[PDB]
Amino acid sequence: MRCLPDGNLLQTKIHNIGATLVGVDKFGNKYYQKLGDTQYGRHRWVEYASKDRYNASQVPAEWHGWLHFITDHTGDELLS
Amino acid sequence: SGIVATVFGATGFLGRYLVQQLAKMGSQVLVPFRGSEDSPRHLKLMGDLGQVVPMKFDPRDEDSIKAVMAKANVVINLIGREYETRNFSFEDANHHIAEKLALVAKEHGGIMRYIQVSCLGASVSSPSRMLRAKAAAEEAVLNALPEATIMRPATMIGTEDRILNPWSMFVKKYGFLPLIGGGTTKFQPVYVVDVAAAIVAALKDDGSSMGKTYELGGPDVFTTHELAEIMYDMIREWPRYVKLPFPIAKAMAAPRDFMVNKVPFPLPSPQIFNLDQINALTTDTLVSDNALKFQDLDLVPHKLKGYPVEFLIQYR
Amino acid sequence: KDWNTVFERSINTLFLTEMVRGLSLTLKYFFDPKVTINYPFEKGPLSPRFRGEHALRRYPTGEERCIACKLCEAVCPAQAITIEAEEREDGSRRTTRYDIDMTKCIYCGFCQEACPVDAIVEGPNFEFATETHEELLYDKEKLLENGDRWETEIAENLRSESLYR
Amino acid sequence: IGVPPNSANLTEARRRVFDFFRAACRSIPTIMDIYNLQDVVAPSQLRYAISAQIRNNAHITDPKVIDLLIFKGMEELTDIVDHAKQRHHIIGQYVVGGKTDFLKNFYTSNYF
Amino acid sequence: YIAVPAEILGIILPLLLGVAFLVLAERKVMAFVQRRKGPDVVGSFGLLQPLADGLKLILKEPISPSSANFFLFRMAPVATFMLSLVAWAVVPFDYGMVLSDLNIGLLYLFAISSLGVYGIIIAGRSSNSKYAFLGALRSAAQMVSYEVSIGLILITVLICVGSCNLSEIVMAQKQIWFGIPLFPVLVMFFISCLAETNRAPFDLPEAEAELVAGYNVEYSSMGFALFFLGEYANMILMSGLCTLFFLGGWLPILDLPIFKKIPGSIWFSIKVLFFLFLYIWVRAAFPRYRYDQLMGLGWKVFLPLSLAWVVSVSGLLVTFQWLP
Amino acid sequence: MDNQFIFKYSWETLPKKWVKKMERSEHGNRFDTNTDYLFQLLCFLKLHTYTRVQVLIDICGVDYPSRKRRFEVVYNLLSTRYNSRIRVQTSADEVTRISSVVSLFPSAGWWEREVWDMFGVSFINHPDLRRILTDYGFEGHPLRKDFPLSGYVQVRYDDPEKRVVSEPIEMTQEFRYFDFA
Amino acid sequence: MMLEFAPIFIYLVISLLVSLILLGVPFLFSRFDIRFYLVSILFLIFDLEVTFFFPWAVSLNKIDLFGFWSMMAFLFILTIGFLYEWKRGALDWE
Amino acid sequence: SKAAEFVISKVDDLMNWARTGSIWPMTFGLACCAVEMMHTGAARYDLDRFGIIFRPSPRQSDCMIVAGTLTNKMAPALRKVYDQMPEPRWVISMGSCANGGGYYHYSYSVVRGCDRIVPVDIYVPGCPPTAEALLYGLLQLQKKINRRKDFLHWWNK
Amino acid sequence: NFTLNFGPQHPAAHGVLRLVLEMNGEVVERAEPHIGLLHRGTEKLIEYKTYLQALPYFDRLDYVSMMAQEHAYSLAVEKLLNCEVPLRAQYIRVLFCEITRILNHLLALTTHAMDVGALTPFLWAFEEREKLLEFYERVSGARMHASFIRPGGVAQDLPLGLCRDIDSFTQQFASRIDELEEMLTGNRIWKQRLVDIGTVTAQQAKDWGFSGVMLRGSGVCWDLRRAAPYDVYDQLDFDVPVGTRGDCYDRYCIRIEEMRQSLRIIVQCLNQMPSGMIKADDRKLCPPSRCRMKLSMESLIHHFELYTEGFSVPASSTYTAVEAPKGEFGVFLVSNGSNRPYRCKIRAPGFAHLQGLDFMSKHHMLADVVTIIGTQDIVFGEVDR
Ligand SMILES: CCCCCCCCCCCCCCCCCC(=O)O[C@@H](COC(=O)CCCCCCCCCCCCCCC)COP(=O)(O)OC[C@H](O)CO
Ligand SMILES: CCCCCCCCCCCCCCCCCCCC(=O)O[C@H](COC(=O)CCCCCCCCCCCCCC)COP(=O)(O)OCCN
Ligand SMILES: NC(=O)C1=CN([C@@H]2O[C@H](COP(=O)(O)OP(=O)(O)OC[C@H]3O[C@@H](n4cnc5c(N)ncnc54)[C@H](OP(=O)(O)O)[C@@H]3O)[C@@H](O)[C@H]2O)C=CC1
Ligand code: SF4
Ligand code: SF4
Ligand code: SF4
């Protein structure tokens with residue numbers, strides 16, 4: 001129901017359709033990828049655990065590099 | 001300076017000038033505010049980084065009060081209101097809060113200097129209920145803190161004053177200016193900057209200001225008609241005074257005072273037809289010859305004409 | 001010059017023929033996919049070299065890397081670093097004070113280049129806007145907290161970039 | 001209009017001084033209006049301040065120094081008139097509108 | 001007459017909603033041409049953006065600068081907004097779907113258009129600002145200039161129809177839409193509508209970056225919103241007028257039972273939507289003229305062509321006796 | 001047109017009293033001249049068929065406090081005709097006006113204003129010589145070596161006056177001079 | 001019949017009321033350029049031309065050839081005036 | 001007052017939703033930071049999609065972005081423009097120059113932080129901050145606006 | 001005559017642009033720019049910095065063409081030091097200079113177009129700008145102020161895979177240029193806004209010190225990359241477009257063509273890029289590797305010296321100029337033998353170009369002033385310093 005007032009979250013729900021779950025972090029944020037080519041193959045995004053009051057600073061360090069295409073290592077591989 | 005001052009009521013007219021002057025002397029200023037965080041925003045530019053610190057408090061709550069006071073050795077109270085709201089009466093706004101602040105300062109233990117700002121006409125036998133509550137608060141603070149200092153400025157003049165600005169607004173919106181008492185009451189209006197300077201000077205002395213009340217009046221004595229004329233020379237407009245006798249003015253100021261404590265929603269504040277101020281206009285409010293003036297603080301107050309009234313340029 | 005060319009010029013002027021091509025290729029982009037990033041769920045690409053928020057690092061033992069050589073303070077083009085140092089109780093050469101004024105800093109990375117022990121780095125964080133100027137005056141403890149928070153990414157980036165520097 | 005050559009001697013430099021003083025004095029009403037000084041200071045006090053500034057440099061004997069002082073005075077007058085920075089008791093560089101000095105300075109600080 | 005206010009509200013309120021969403025549609029189409037998204041956060045697909053912007057505007061403190069024209073300054077946006085609203089009283093959306101079936105409706109629309117200039121002029125003069133005054137003068141001159149061509153094109157349609165009644169103008173196109181034989185006249189009418197509504201490539205008030213201050217620069221809060229709303233309502237009205245005069249109003253494309261199934265109001269709406277899309281598209285496609293260039297176009301190009309079309313249509317219809 | 005030809009031809013053709021010093025170096029050909037001949041030298045170089053120095057690239061001052069004439073004014077010029085650059089320099093002090101070259105090169109107008117603003121050197125026959133970079137009412141000439149880096153005054157908003165105002169500077173943390181010499 | 005003008009008046013009253021509500025709710029919480037005169041004059045002339053066109057346009061079926069040519073003569077006079085304005089530079093804003 | 005507080009909080013939530021959903025900044029584009037700000041408004045980040053529309057006149061603006069170095073010569077112009085902004089209004093300081101003077105801190109001609117001239121609500125660090133950093137700063141502004149309780153504070157005043 | 005005071009306090013028209021115009025109706029009689037609103041004392045600050053600490057000031061002058069000014073300053077320092085730069089570094093420098101030229105021309109063209117009301121090309125061009133900013137960030141870790149080009153060469157070598165991505169960009173950039181052109185070049189409104197606006201004769205251009213596109217628009221074939229070549233420009237094929245009318249339209253066309261030629265140069269640099277060192281090998285002026293400094297005394301000592309005192313430059317003085325995207329950008333550097341510049345005079349083309357606004361805008365309409373400002377390509381960081 002958050003989709004109706006929050007259009008930003010709606011776009012993520014739409015683009016999650018057909019996506020692959022890559023992992024979940026300690027805060028419950030979920031990480032998805034597509035493996036296509038629309039934004040030059042950049043298809044990584046995060047669904048924040050809190051559907052309201054989400055904030056970019058909630059991405060932990062182990063997943064920050066993966067989210068920003070700095071590294072191809074997921075948060076799980078970095079933690080191991 | 002190593003002075004840490006908690007200035008209550010610093011989001012009003014006199015507060016900005018007082019905070020500017022306290023920051024000039026290097027003091028750290030704490031600014032308790034009761035509502036929106038944007039109310040003390042204009043004070044943040046004053047002083048260096050970290051020097052002015054606004055802090056949320058509640059008046060009707062003792063914990064918040066000692067919380068904002070917990071770090072200070074100087075407390076200045078400017079809280080007051082010349083009208084009434086359904087939430088705060090004249091005695092609630094002008095006597096109860098001041099007594100509570102004095103009591104918390106007593107239980108604090110560390111307040112070296114306490115300054116309570118009052119009004120010049122503050123007396124028990126005053127027509128204005130606000131002035132009566134002001135005198136009561138003066139007595140209450142003195143009883144709770146015999147070493148406290150009391151300031152009694154006259155009507156203050158400045159960019160955000162509540163006398164010349166309402167007059168200019170009313171004239172520019174109607175074309176004429178009423179005179180409530182035939183334009184005969186005398187009062188010595190005072191530059192707000194001078195009041196701030198007197199407070200700073202009493203904070204700076206070798207201790208001689210403690211226990212004493214100072215009557216701060218402007219250099220000159222005027223009639224309300226005489227001030228209305230400085231306003232017209234400055235606003236470059238054609239004067240047109242209309243005599244409103246006291247019972248008529250009280251009639252036009254009766255509705256708000258009547259229905260303020262009955263209707264359950266806020267009312268707009270009175271500009272000219274405030275009943276209590278009209279009652280105050282019945283008598284003349286002058287600096288007593290036996291009081292302590294701007295002299296005995298080694299200060300000369302500024303004359304109104306020119307710079308104190310330069311904000312009136314905006315109305316031309 | 002010739003009736004045909006004059007006629008063709010007149011028609012083209014009257015019928016706004018060249019205005020049609022602009023309309024057409026504006027309309028072509030209308031149906032193509034958009035390049036907008038759905039921030040904050042999606043982010044722009046960055047590199048291991050990205051110069052973001054400074055951080056102070058420790059050895060895996062927990063010991064600080066910084067030995068108060070003051071090279072970063074000397075090289076800093078903005079004079080944004082302030083250091084005090086003394087012999088620690090165990091005899092170690094260590095900072096007592098390490099301040100970076102985040103509002104003077106130009107985020108040039110010179111300090112990270114100057115440091116001989118990889119103690120000060122500009123990490124990958126760029127989302128640290130504040131409500132007060134005083135929160136941007138970083139002291140040593142804040143920088144060490146940054147280092148603890150971002151250590152895994154910083155170490156990965158250093159492993160990646162050690163083959164160029 | 002253009003920057004004139006340096007004064008050849010003290011006579012022509014004095015003539016330039018008199019011209020500058022006339023131009024400065026004639027601009028006093030404009031300054032009074034711009035800074036709203038009607039109730040702050042008399043126009044003659046402005047004239048007196050300008051003349052006092054001219055007199056404090058009456059010992060100068062080099063025409064080039066006089067020409068430079070006149071040029072700087074013209075620039076300062078132009079900035080005062082064209083690009084006024086209103087303060088209160090201060091226009092440009094001038095303040096408008098029983099113990100010796102040593103004791104006061106000693107009470108003030110250790111840096112005299 | 002007791003139910004007349006209900007009809008009037010059933011016109012005015014959906015029109016205000018339509019304007020609020022025309023602003024959003026302009027933003028969306030402009031974005032999509034520019035390979036971006038445009039509003040999509042405030043509400044799903046950005047559909048709550050207009051309500052948020054309107055709420056922000058009503059919650060904004062009004063300024064009302066210390067001018068000597070205190071009454072005129074606030075009344076100018078009221079005048080332009082009311083004029084934008086009242087033209088819809090005579091607009092028919094389908095057969096019998098019209099508030100006022102004026103026999104003189106065409107001339108009434110011309111009169112409203114001629115009245116539109118006063119809000120801009122008064123806003124410029126009353127604001128006590130030389131830049132606003134100059135911009136208002138230029139905008140007013142442009143609108144009066146293109147009003148001449150609009151009136152002459154109106155006369156061409158009137159010659160074809162023989163009645164000033166808008167519904168009669170629609171029903172006279174049952175045989176053929178006037179936009180087919182008079183296609184250049186329709187192009188001229190659309191361009192003149194662009195210029196008359198101060199729209200790109202004729203949007204002088206939008207040319208702040210070109211050192212040309214708009215007439216509404218001193219306005220804030222709801223006076224500025226009133227100017228904006230009147231402008232966009234006038235855009236919708238100009239699209240509706242293009243639909244009525246040249247695309248056969250509520251009529252179907254082909255007189256066939258398959259097309260007659262769908263209601264006439266839907267035909268009218270679809271044509272209006274096409275013209276609004278063209279408004280946005282044109283704003284997305286081209287740079288703007290200078291004031292002098294557009295004035296030259298108004299007087300040197302569109303007036304002579306409009307007059308020539310009047311003469312040619314009347315002469316042809318008189319010659320072969322095809323008059324209504 | 002190489003720097004050997006320019007040096008030799010200028011020695012052969014220029015009036016002798018115009019040039020006090022001539023340097024030929026890969027760092028640039030350089031002519032030093034008294035202030036009273038600067039204008040005529042530049043006019044010659046611009047007009048003469050074998051030089052055609054048509055572009056004035058810039059004018060700048062350099063402060064040398066140890067010198068009786070502390071200021072050195074440098075003219076960088078270009079010949080697009082011969083694809084060559086020339087530097088012409090003259091010295092000046094705090095009170096001696098030098099000739100403007102605006103009538104020769106209109107581009108000089110603002111560069112001269114800048115020299116006056118930054119260093120305090122004045123230019124005879126300059127049509128409009130006022131400061132161009134500093135704040136209105138600025139005092140001093142910031143590029144002089146004795147002018148302090150942070151200056152003498154700073155500005156802040158003053159709520160009681162409802163305006164931005166200027167006060168003598170006060171530095172929270174002073175500029176630290178690191179002497180590595 | 002003039003009956004159809006009454007809804008227009010009621011519409012005006014309602015639109016005015018909407019305007020006042022919208023505008024009033026936030027109060028709770030020396031260089032003469034002759035070319036403008038000239039463009040005004042031209043607009044006046046062609047405004048009257050449109051005015052005279054209206055009855056002619058609705059009356060063409062009854063006035064036939066005589067009315068057509070009389071209006072043509074009217075237009076010829078006005079267009080000679082327009083040519084005069086064009087040649088004199090009244091239509092140039094540069 | 002078990003019913004008045006709920007309605008008051010709902011009103012304040014509506015006001016905050018409106019004010020966060022339509023932020024109309026005026027840009028004070030002074031130096032290099034203005035280029036990153038232009039990129040934030042461009043297609044990749046599309047400030048339009050958050051309801052953020054840039055206005056030419058302070059009269060139609062709710063926010064001022066100070067993007068670049070503020071000189072002493074420019075300070076009066078910045079303050080006057082700020083004083084024409086109608087309430088409620090916010091200021092975002094973008095980049096080291098606007099934050100505290102940055103690389104020019106010790107210069108004779110530079111204001112050492114725009115917060116000496118106007119009250120600042122959000123400081124965005126960087127030289128320049130990335131376009132995404134500016135977007136993060138604008139989301140922090142939304143967070144600050146969402147703590148407002150204007151209706152409640154006025155009811156109790 | 002009336003006086004219109006125009007200051008756009010927003011980057012729509014610069015941002016610190018301030019103009020006093022005298023008008024006769026809508027006709028401009030005199031245009032007087034008031035500058036210094038971004039004067040930050042750069043030339044004074046530089047004298048208090050070591051030669052390395054001074055380098056970031058040059059990114060912030062024409063802050064749309066960052067690496068070009070970096071390059072000019074490095075070249076001046078190299079000239080005074082007699083320092084030899086390795087070939088690979090030369091090629092990287094030229095490659096980044098031409099990327100910068102494209103970055104500058106896209107911004108200039110589309111901001112001008114938006115000023116005269118064409119909104120879409122700005123968005124289209126800024127996406128390509130974003131791709132080029134990504135190359136800046138991949139090599140330096142900064143989108144704009146890279147401080148990547150340095151005395152002796154470049155700060156770091158290219159990351160693996162960068163050349164391939166640049167090649168991918170070049171394979172599609174010509175279509176983007178074509179789209180911009182079809183939007184603008186043939187459009188009658190665009191021509192009416194630019195043809196015969198701001199005409200400049202060759203004599204006027206020389207008299208007012210014009211350079212770059214401002215000079216080549218008037219028919220003067222002059223490009224420092226060919227007249228006074230530096231780095232590897234003499235090994236590269238490119239054409240120098242020149243105008244025939246000297247107006248705004250000619251300069252727009254020249255900028256489009258310059259983007260095409262820059263694309264050509266980038267392709268050549270990509271194909272001819274050699275292997276080897278990216279820093280000068282003289283061990284008295286360049287930082288050692290991190291591993292060398294952690295392993296070798298001599299290296300550690302040199303690192304300590306370089307990052308505390310910086311290198312010395314023997315006493316001398318010279319003027320060095322490059323063909324920046326906005327025209328001739330020059331540095332007059334005076335060294336006294338110490339580790340800090342004694343004097344650094346910066347010669348900005350925008351200073352000359354904006355001074356020419358008075359004669360260029362004479363007798364034009366008010367709306368042409370912004371067009372003329374746009375064709376000059378003014379950035380006040382370099383005008384004011
Ligand atoms: C911008 C366009 C400019 C057009 C300029 C060219 C035309 C100007 C008008 C010139 C006068 C008419 C020239 C056309 C010749 C054909 C006339 C014709 O066909 O004869 C018809 C008759 O045409 C006329 O007689 C009309 C003449 C028009 C009046 C022109 C004025 C001439 C002088 C008038 C003197 C009055 C004083 C002038 C005051 C200024 C026959 O009609 P009917 O008799 O069969 O029946 C009458 C009708 O059908 C039923 O109503
Ligand atoms: C189903 C689709 C329906 C679509 C309906 C709307 C169509 C779209 C309309 C909008 C199109 C884009 C609008 C933006 C362009 C505005 C700029 C117009 C500029 C302009 O008017 O130029 C004039 C020519 O155009 C003109 O003159 C325009 C009027 C043309 C009328 C044609 C007149 C003769 C036609 C032949 C008739 C013969 C048959 C009858 C016997 C000449 O001015 P200039 O200065 O620009 O010159 C330079 C010429 N390169
Ligand atoms: N002419 C004059 O101005 C004169 C005034 N005085 C007295 O001097 C003092 C300062 O004057 P001035 O600055 O003009 O006063 P203002 O009315 O301008 O400011 C009053 C201050 O007190 C605060 N305040 C008022 N009521 C309450 C309350 N119930 N709880 C908490 N805070 C409250 C206000 O807070 P908020 O902004 O949040 O409402 C504000 O900060 C007052 O005591 C006044 O009565 C003396 C003589 C004449
Ligand atoms: S990033 Fe540069 S300016 Fe900032 S602290 Fe590090 S060295 Fe100093
Ligand atoms: S951070 Fe590095 S360079 Fe700076 S003092 Fe510590 S060890 Fe030295
Ligand atoms: S903070 Fe950095 S990028 Fe921003 S204006 Fe200042 S120097 Fe330029």
Side-chain angles (χ1 to χ4, degrees), chain B residues 35-36 38-39 169 172-173 265-269 271, chain E residues 12-13 16-17 19-20 23 49-67 69-82 84-85 119 122-123 126-127 216-233, chain G residues 14-29, chain H residues 8 10-26 51 53 55 57-63 83-90 145 148-155 157:
Chain B
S36 152
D38 298 308
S39 191
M169 273 336 274
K172 285 180 64 264
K173 185 221 198 63
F265 42 88
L267 276 310
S269 96
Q271 311 305 78
Chain E
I12 287 182
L13 281 36
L16 297 187
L17 257 177
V19 166
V23 183
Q49 192 63 75
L51 157 55
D53 291 298
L55 271 203
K56 196 269 301 287
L57 284 173
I58 59 165
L59 298 172
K60 264 302 178 182
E61 142 173 333
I63 294 169
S64 179
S66 57
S67 74
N69 290 281
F70 167 106
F71 173 79
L72 281 179
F73 178 80
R74 312 186 164 121
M75 67 174 282
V78 154
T80 168
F81 178 71
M82 278 180 67
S84 74
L85 287 191
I122 293 173
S126 67
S127 72
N216 64 34
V217 63
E218 297 339 299
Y219 282 84
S220 70
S221 178
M222 296 297 303
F224 166 87
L226 258 46
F227 275 123
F228 198 92
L229 261 42
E231 193 298 325
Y232 275 78
Chain G
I14 295 194
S15 324
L16 184 31
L17 274 36
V18 177
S19 286
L20 294 326
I21 283 170
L22 283 182
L23 218 38
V25 280
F27 293 99
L28 260 42
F29 184 51
Chain H
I8 285 171
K10 283 316 143 213
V11 167
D12 274 323
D13 296 313
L14 185 62
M15 288 165 84
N16 295 338
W17 172 87
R19 268 142 181 192
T20 51
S22 173
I23 290 160
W24 289 2
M26 208 202 43
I53 293 316
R55 300 317 287 134
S57 178
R59 263 80 162 86
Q60 286 131 52
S61 320
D62 322 303
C63 179
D83 284 327
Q84 292 167 216
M85 299 183 57
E87 304 317 86
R89 59 185 177 198
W90 302 275
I145 297 177
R148 291 164 70 78
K149 293 177 164 34
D150 299 350
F151 201 71
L152 175 72
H153 295 320
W154 166 81
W155 203 245
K157 191 173 302 313

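What's counted below: heavy atoms across the whole structure, side chains too, no hydrogens, waters or symmetry copies. Order of the sequence lines fixes the chain letters, A, B, ..., with proteins taken first and strands second; residue numbering starts at 1 for each chain.
Checked by atom type and distance alone, the side chain of H:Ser57 pairs as donor or acceptor with a backbone atom of E:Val217 at under 3.5 Å. When atom types are taken as modelled, the side chain of H:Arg59 and the backbone of H:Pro86 share no donor-acceptor pair closer than 3.5 angstrom. Counting only distance, with no hydrogens or angles, the side chain of H:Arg19 and the backbone of H:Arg148 share no donor-acceptor pair below 3.5 Å. H:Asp150 contributes no side-chain N or O that, together with a main-chain N or O of H:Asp12, makes up a donor-acceptor pair within less than 3.5 Å.
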inquiry  = Between H:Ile145 and H:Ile23, does the side-chain contact (heavy atoms from CB on, under 4.5 Å) criterion hold? Intermediate values first, please.
reply    = CA-CA 10 Å; H:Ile145 297 177; H:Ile23 290 160; 4.2 Å; yes

request  = Start with the C-alpha distance between E:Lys60 and H:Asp62, add both sets of side-chain angles, then the distance that settles side-chain contact (heavy atoms from CB on, under 4.5 Å), and finish with yes or no.
outcome  = CA-CA 9 Å; E:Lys60 264 302 178 182; H:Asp62 322 303; 2.3 Å; yes

request  = Just do the side-chain contact (heavy atoms from CB on, under 4.5 Å) check on G:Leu16 and E:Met82 with the steps written out, would you?
outcome  = CA-CA 6 Å; G:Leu16 184 31; E:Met82 278 180 67; 3.6 Å; yes

request  = Evaluate side-chain contact (heavy atoms from CB on, under 4.5 Å) for G:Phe29 paired with H:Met15, printing each intermediate quantity in order.
outcome  = CA-CA 11 Å; G:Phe29 184 51; H:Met15 288 165 84; 2.7 Å; yes

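Looking at residues two or more places apart in sequence or on another chain, you find a ring pair (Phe, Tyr, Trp, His ring centres under 6.0 Å) between E:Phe227 and E:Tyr215, E:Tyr219.
Across E:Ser126 and E:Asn69, no two heavy atoms sit closer than the pair CB-CB, 3.8 Å. Looking at every heavy atom in both residues, G:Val25 comes nearest to G:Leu22 through CG2-O, 3.3 Å. What you find for E:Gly230 and E:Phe81 is that their closest heavy atoms are N-CD1, 4.2 Å. The heavy-atom pair separating E:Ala76 from E:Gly119 by the smallest distance is CB-O, 3.5 Å. The minimum heavy-atom distance between E:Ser221 and E:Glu61, with the atom names listed, is CB-O, 4.2 Å.
For residues 16-28 of chain G, there are no salt bridge (charged side-chain N to carboxylate O under 4.0 Å, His left out) pairs, not counting sequence neighbours.
In this structure the side chain of E:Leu57 reaches within 4.5 angstrom of the side chain of H:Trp24, judged on heavy atoms. Two residues are said to be in side-chain contact when any heavy atoms from C-beta on lie closer than 4.5 Å; E:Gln49 and H:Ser22 meet this criterion. Residues E:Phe224 and E:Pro77 are not in side-chain contact: their nearest non-hydrogen atoms beyond the backbone lie 4.5 Å or more apart. Proximity of E:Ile58 to E:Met222: side-chain heavy atoms (C-beta onward) are separated by under 4.5 Å at one or more points. Annotation: side chain of E:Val23 is not in contact with side chain of E:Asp53 (no heavy-atom distance under 4.5 Å). H:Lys10 has its side chain out of reach of H:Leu14: every pair of non-hydrogen atoms, C-beta onward, lies at least 4.5 Å apart. Contact annotation: the side chain of E:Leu226 approaches that of E:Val78 to within less than 4.5 Å [non-hydrogen atoms, C-beta and beyond]. In this structure, E:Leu229 and E:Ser84 have side chains that are not in contact, with every pair of non-hydrogen atoms separated by 4.5 Å or more.
Classified by interplanar angle (parallel below 30°, tilted 30° to 60°, perpendicular above 60°), the ring pair E:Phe228/E:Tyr232 is parallel.
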